[PDB]
file final23.txt (compact mmCIF, C-alpha atoms (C1' of nucleotides))
# COMPACT_ATOMS: atom_id res chain seq x y z
CA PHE A 312 0.00 0.00 0.00
CA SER A 313 0.99 3.67 -0.08
CA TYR A 314 1.12 6.58 2.35
CA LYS A 315 2.33 10.12 1.64
CA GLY A 316 4.43 8.95 -1.30
CA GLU A 317 6.08 6.01 0.49
CA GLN A 318 5.05 2.44 -0.34
CA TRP A 319 4.91 -0.25 2.35
CA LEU A 320 4.95 -4.05 2.10
CA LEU A 321 2.51 -5.99 4.28
CA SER A 322 2.00 -9.75 4.69
CA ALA A 323 -0.31 -12.16 2.90
CA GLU A 324 -3.32 -11.79 5.20
CA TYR A 325 -3.43 -8.01 4.67
CA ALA A 326 -3.39 -8.09 0.86
CA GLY A 327 -6.67 -6.97 -0.66
CA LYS A 328 -8.06 -5.31 2.47
CA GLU A 329 -8.45 -1.82 3.92
CA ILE A 330 -6.06 -0.88 6.74
CA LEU A 331 -6.13 2.32 8.80
CA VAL A 332 -2.93 4.33 9.14
CA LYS A 333 -2.63 6.52 12.24
CA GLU A 334 0.21 9.05 12.26
CA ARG A 335 0.92 11.07 15.39
CA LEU A 336 2.01 14.65 14.88
CA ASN A 337 5.24 13.35 16.42
CA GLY A 338 5.99 11.69 13.08
CA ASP A 339 5.54 7.96 13.71
CA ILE A 340 3.21 5.82 11.58
CA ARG A 341 1.18 3.00 13.13
CA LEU A 342 -0.82 0.54 11.04
CA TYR A 343 -4.07 -0.74 12.56
CA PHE A 344 -5.95 -3.45 10.66
CA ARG A 345 -9.44 -4.60 11.63
CA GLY A 346 -9.08 -2.96 15.04
CA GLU A 347 -5.92 -4.85 15.96
CA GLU A 348 -2.32 -3.64 15.66
CA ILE A 349 0.10 -5.02 13.08
CA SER A 350 3.89 -5.04 13.08
CA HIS A 351 5.62 -1.67 12.88
CA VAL A 352 7.13 -0.71 9.53
CA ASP A 353 10.43 0.53 11.06
CA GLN A 354 9.97 3.97 9.56
CA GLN A 355 13.28 5.64 8.73
CA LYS A 356 14.30 9.24 8.10
CA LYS A 357 15.91 8.35 4.76
CA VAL A 358 13.41 7.38 2.07
CA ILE A 359 14.01 3.94 0.56
CA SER A 360 12.69 2.92 -2.84
CA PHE A 361 10.14 0.14 -3.23
CA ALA A 362 12.91 -1.96 -4.80
CA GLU A 363 14.98 -1.78 -1.61
CA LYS A 364 11.91 -2.74 0.44
CA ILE A 365 11.34 -5.77 -1.81
CA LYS A 366 15.00 -6.74 -1.45
CA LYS A 367 14.79 -6.37 2.34
CA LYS A 368 11.66 -8.52 2.56
CA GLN A 369 13.31 -11.10 0.29
CA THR A 370 16.39 -11.30 2.51
CA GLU A 371 14.21 -11.45 5.63
CA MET A 372 12.17 -14.34 4.23
CA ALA A 373 15.41 -16.06 3.19
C1' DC B 1 -75.68 86.19 85.03
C1' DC B 2 -72.89 88.18 81.16
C1' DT B 3 -68.83 88.17 78.24
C1' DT B 4 -65.34 85.99 75.42
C1' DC B 5 -63.23 82.14 73.17
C1' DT B 6 -63.48 78.56 69.74
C1' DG B 7 -65.11 75.46 66.05
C1' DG B 8 -67.64 74.15 61.75
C1' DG B 9 -69.09 75.16 57.01
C1' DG B 10 -69.57 77.46 52.53
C1' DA B 11 -67.28 80.41 49.21
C1' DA B 12 -63.26 82.53 47.17
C1' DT B 13 -58.60 82.34 45.92
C1' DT B 14 -53.55 80.36 44.89
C1' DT B 15 -50.06 77.33 43.88
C1' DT B 16 -47.82 73.27 42.04
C1' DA B 17 -47.87 69.14 39.77
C1' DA B 18 -48.97 66.58 35.84
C1' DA B 19 -49.83 65.85 30.87
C1' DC B 20 -50.02 67.40 26.03
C1' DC B 21 -48.47 69.64 22.22
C1' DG B 22 -45.32 72.35 19.74
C1' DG B 23 -40.83 74.03 18.63
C1' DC B 24 -35.95 73.57 18.19
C1' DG B 25 -31.40 71.07 17.84
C1' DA B 26 -29.11 66.72 16.80
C1' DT B 27 -28.33 62.44 14.82
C1' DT B 28 -29.50 59.14 11.32
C1' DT B 29 -30.37 57.57 6.94
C1' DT B 30 -30.53 57.53 2.03
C1' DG B 31 -28.33 58.38 -2.30
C1' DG B 32 -24.32 58.77 -5.24
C1' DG B 33 -19.35 58.42 -6.18
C1' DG B 34 -14.66 56.41 -5.46
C1' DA B 35 -11.45 53.11 -3.51
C1' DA B 36 -10.12 49.00 -1.28
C1' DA B 37 -10.61 44.52 0.28
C1' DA B 38 -12.71 40.09 0.56
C1' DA B 39 -14.68 36.25 -1.37
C1' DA B 40 -16.25 33.47 -4.89
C1' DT B 41 -15.52 31.00 -8.97
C1' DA B 42 -12.95 28.94 -12.38
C1' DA B 43 -8.80 27.15 -14.15
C1' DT B 44 -4.46 25.10 -13.69
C1' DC B 45 -0.82 22.52 -11.12
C1' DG B 46 1.41 18.73 -8.59
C1' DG B 47 1.03 14.45 -6.56
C1' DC B 48 -0.91 10.49 -4.18
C1' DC B 49 -3.72 6.19 -4.52
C1' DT B 50 -5.42 2.47 -6.74
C1' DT B 51 -6.13 -1.09 -10.31
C1' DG B 52 -6.29 -3.05 -15.03
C1' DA B 53 -3.58 -5.64 -18.25
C1' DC B 54 0.17 -7.96 -20.09
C1' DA B 55 0.35 -12.51 -20.37
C1' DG B 56 -0.71 -16.74 -28.69
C1' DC B 57 -5.38 -15.17 -31.20
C1' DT B 58 -10.36 -15.14 -32.80
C1' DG B 59 -12.97 -17.58 -36.07
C1' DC B 60 -16.45 -20.18 -36.46
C1' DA B 61 -21.72 -22.41 -35.59
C1' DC B 62 -26.60 -21.74 -35.54
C1' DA B 63 -30.83 -19.14 -36.08
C1' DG B 64 -33.89 -16.45 -39.34
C1' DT B 65 -34.70 -13.22 -42.93
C1' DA B 66 -33.44 -10.51 -46.67
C1' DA B 67 -30.50 -9.30 -50.49
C1' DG B 68 -27.97 -10.18 -54.37
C1' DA B 69 -25.48 -12.52 -58.09
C1' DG B 70 -25.79 -15.29 -62.21
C1' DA B 71 -28.46 -17.44 -65.90
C1' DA B 72 -32.59 -18.33 -68.56
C1' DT B 73 -36.84 -16.34 -70.50
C1' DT B 74 -39.89 -12.81 -72.11
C1' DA B 75 -41.42 -8.02 -73.68
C1' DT B 76 -40.60 -4.26 -75.95
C1' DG B 77 -38.37 -0.66 -78.52
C1' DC B 78 -35.42 0.31 -82.26
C1' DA B 79 -34.44 -0.44 -86.86
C1' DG B 80 -35.05 -1.76 -91.52
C1' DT B 81 -37.61 -1.73 -96.09
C1' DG B 82 -41.15 -0.48 -99.54
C1' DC B 83 -44.60 2.94 -101.66
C1' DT B 84 -46.94 7.29 -101.99
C1' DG B 85 -47.79 12.28 -101.12
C1' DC B 86 -46.64 16.95 -99.59
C1' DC B 87 -43.69 20.71 -98.28
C1' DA B 88 -39.43 23.00 -98.55
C1' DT B 89 -35.79 24.96 -100.98
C1' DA B 90 -33.53 26.56 -104.65
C1' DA B 91 -32.88 29.02 -108.74
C1' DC B 92 -33.15 33.62 -111.23
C1' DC B 93 -33.57 38.80 -111.44
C1' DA B 94 -33.70 43.39 -109.36
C1' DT B 95 -32.25 46.92 -105.85
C1' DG B 96 -30.18 48.49 -101.69
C1' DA B 97 -26.48 48.44 -98.16
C1' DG B 98 -22.35 46.88 -96.00
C1' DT B 99 -17.43 45.67 -96.16
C1' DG B 100 -13.31 44.71 -98.46
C1' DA B 101 -10.32 47.28 -101.02
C1' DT B 102 -7.21 51.28 -102.66
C1' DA B 103 -4.33 55.63 -102.14
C1' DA B 104 -1.07 58.05 -98.93
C1' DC B 105 1.65 59.01 -94.98
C1' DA B 106 3.90 57.20 -90.43
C1' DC B 107 5.50 54.06 -87.52
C1' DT B 108 7.31 49.53 -86.59
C1' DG B 109 8.86 44.64 -87.63
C1' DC B 110 12.05 41.50 -89.98
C1' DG B 111 15.97 40.26 -92.76
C1' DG B 112 20.67 41.47 -94.58
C1' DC B 113 25.10 43.24 -93.36
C1' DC B 114 29.00 44.85 -90.49
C1' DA B 115 31.82 44.59 -86.39
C1' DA B 116 33.49 43.04 -81.79
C1' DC B 117 34.87 39.33 -78.57
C1' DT B 118 36.38 34.57 -77.55
call {"tool": "encode", "arguments": {"input": "final23.txt", "output": "structure tokens"}}
result
Amino acid sequence: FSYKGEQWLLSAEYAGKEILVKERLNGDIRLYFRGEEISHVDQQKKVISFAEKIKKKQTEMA
DNA sequence: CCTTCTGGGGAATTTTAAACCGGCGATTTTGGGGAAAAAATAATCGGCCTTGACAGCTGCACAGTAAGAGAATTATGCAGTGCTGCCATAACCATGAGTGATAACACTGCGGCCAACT
């Protein structure tokens, strides 16, 4: 999905469903799906391209 | 025994309070003109969010009706030929009018001759 020009990668269960992003004025993004809370997206100051996110998820699943 | 004092009541008069109506002074309001600001509306800009497609391609089959393409057949219009009659034209002569021609001068076009350059 996308948020303010940055694209995030969720897991299988979340594909094809509507999540709710909640962003404090502090500057931290929290993803709430179906009332519950899902894993944090380790938001970073430096923007990383979708390709780098795919590579990171690939290495993590490896 | 008598005199004087006092009190009540009706009439006349005076003063002050209240209410209305008018006059006078002030602010408000309406209208027009000029400037400034706000808002509304439309157009243009950037960007985010989300999803469709790209994955060999589409031609054929059936249903009913209508059209059309080709070939055979039929109808009709043109053409061809013969005989007779009528209308047009043409041929000649006369007279009038238009144009082609002829004379003369002036300007221009074409052919013969001379010279200059390569």
call {"tool": "interface_residues", "arguments": {"input": "final23.txt", "of": "chain B", "to": "chain A", "cutoff": "10 Å", "atoms": "only C-alpha atoms (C1' of nucleotides)", "output": "list in words"}}
result
residues 47, 48, 49 and 50 of chain B
call {"tool": "atom_distance", "arguments": {"input": "final23.txt", "atom1": "atom CA of residue A:357", "atom2": "atom CA of residue A:336"}}
result
18.3 Å
call {"tool": "atom_distance", "arguments": {"input": "final23.txt", "atom1": "atom CA of residue A:345", "atom2": "atom CA of residue A:325"}}
result
9.8 Å
call {"tool": "axis_aligned_box", "arguments": {"input": "final23.txt", "around": "stretch 344-354 of chain A", "padding_each_side": "5 Å", "output": "lines of an AutoDock Vina configuration file"}}
result
center_x = 0.5
center_y = -0.5
center_z = 12.7
size_x = 29.9
size_y = 19.0
size_z = 16.4
call {"tool": "atom_distance", "arguments": {"input": "final23.txt", "atom1": "atom CA of residue A:360", "atom2": "atom CA of residue A:339"}}
result
18.7 Å
call {"tool": "residues_around", "arguments": {"input": "final23.txt", "residues": "residue A:362", "least_positions_apart": "6", "cutoff": "12 Å", "atoms": "only C-alpha atoms (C1' of nucleotides)", "output": "PyMOL selection string"}}
result
chain A and resi 317-320+368-369
